[PDB]
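Here's a solo chain for you in structure tokens, the form deposited in one PDB entry.
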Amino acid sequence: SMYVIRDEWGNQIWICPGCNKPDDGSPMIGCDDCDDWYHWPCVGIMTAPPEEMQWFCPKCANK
């Protein structure tokens, strides 16, 4: 898969695999396996996890 787009300025824009919508500054969380980034509501995250806790997205969590 590939969830990073580039705009005409060369900047990288991450797309959330849960909703196929871009990062819009609202809180996201990064998967410590595949490194895709998700919107918190899209993965049921309601507040920042403990700093020490790794987080894995639904796809990887079943792997």
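Only residues modelled in both forms are compared. Basically, rigid core = biggest C-alpha set you can superpose within 1.5 Å across the two forms. One-based numbering along the sequence shown.
There is another form of this protein, the form deposited in another entry, and it is not shown here; the text below is about that form.
Once everything's superposed on the core, is residue 41 shifted 2 Å or more at the Cα between the shown form and the other one?
The answer is no, as the C-alpha of residue 41 shifts between the shown form and the other one by less than 2 Å after core alignment.
Is there a C-alpha shift of 2 Å or more at residue 12 between the shown form and the other one once the rigid core is superposed?
For residue 12, whose C-alpha is compared between the shown form and the other one after core superposition, the shift is 2 Å or more.
Core-aligned, C-alpha shift of at least 2 Å, runs of at least 3 residues: can you list them between the shown form and the other one?
After superposition, residues 3-12, 22-25 shift as runs.
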